[PDB]
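Given next, in structure tokens, is a single chain: the form deposited in one PDB entry.
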């Protein structure tokens, strides 16, 4: 943290943040969500980290070089240490990236190494080559060298993500799945784990061994698992919570900008809200059924009347304001809703659905005030505009993600936030073999367009290919885009250091501070 001259610091430097749900895990190789990553950034630090405005900056690596964007060499600071006092070395990173790549670890982010094109990753994922064949090596204790199979100019931007953070081999090997328990865990970020009560709280305390410990101000941070946005706001207003989670309650939100205008933060966010269709399951494997659902949803009602929290109606997967995005807005989005409805009805009738045999399916969502109210509204809009019947089903976060990976669903509420600011952070998740592909979409044409983006050596050709890739996705109606999120949350007047300038919202509690109040 960089406390501004003049600021009066509170005597007690503790913070309480809501985290939206109970985490899937605390192991960097077993997580995939925002809640999980919020806690991970405080405990595990990778090669690079984001600064307070979101720029890729020095983490464990203090400096790095690249040769033709294919061989990246990272010089690790010599005072980097784990919470047990032992050094963080290049060997830790070799072990860790090998564990991520290993099929036996079954990470949901195994494909992150394919996104960066580390040499030999495809063969390791497939079981053809051993994980020790991965294109990473320790040149010495403080030098980590990564070899890619082709030039990736934006490679370093990927390195702030939890999947590529280091994990402690000795603890993993001795305790197995219980290595993350408070008594066994070892961490290298600004904090360490003090307590973990499932469905109650996660308490972190300052890590004295952290290399930048002298700049850390907050001594303890608590992360809560409240999935009800209304309850999160209530506990914030009662005084218990200092920072809410960033998913807002339909019931209370508008009241808040009038009631407490200086505490309501609203900033740009590179995330897209959508309804995910299981593409491999009949009758959702029929493009007409998918297109009907896409067109019959009325974005103006939902975005402006139902939710009404600052969002923009979406027509794509990658947010149009992503660095490098130059998207073509489709003609259906410019039409009137009545024209969209007509076309949807015609396509469904062509699909084989009558009124004696209507289309009936499930709509899965994760427990939440926001998602429930929106799902009830969408169910009503689809019934009215298209004559379809939907059965709502709620599941807790960890169960919900599992269901989507397994393919045991019809349609599901979904949302993806960028991991790095570049269109492939979104587009790579729709590749046929991606570990992050929960739409179960497989398109050879789509895959080819993305493969060609690193075959060109200029950004104009690259951006045109990304635009074409979005058109392919839209053509196939892989998903039902709803709106582009905004990062809206409540932050007490006394919480300093939160700028809201980072469109990826990669917050580090080591950068915050409590002002005397």
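Residue numbers count along the first chain shown, from 1. Take the two forms, find the largest set of C-alpha atoms that superpose within 1.5 Å, and that set is the rigid core.
Here the subject shifts to the form deposited in another entry, a form of this protein not shown in this document.
After superposition on the rigid core, the Cα atom of residue 468 is displaced by 2 Å or more between this form and the one not shown. After superposition on the rigid core, displacement of the C-alpha of residue 355 between this form and the one not shown amounts to 2 Å or more.
The gap between the Cα atoms of residue 49 and residue 463 is smaller in that other deposited form, by no less than 3 Å, than in this form.
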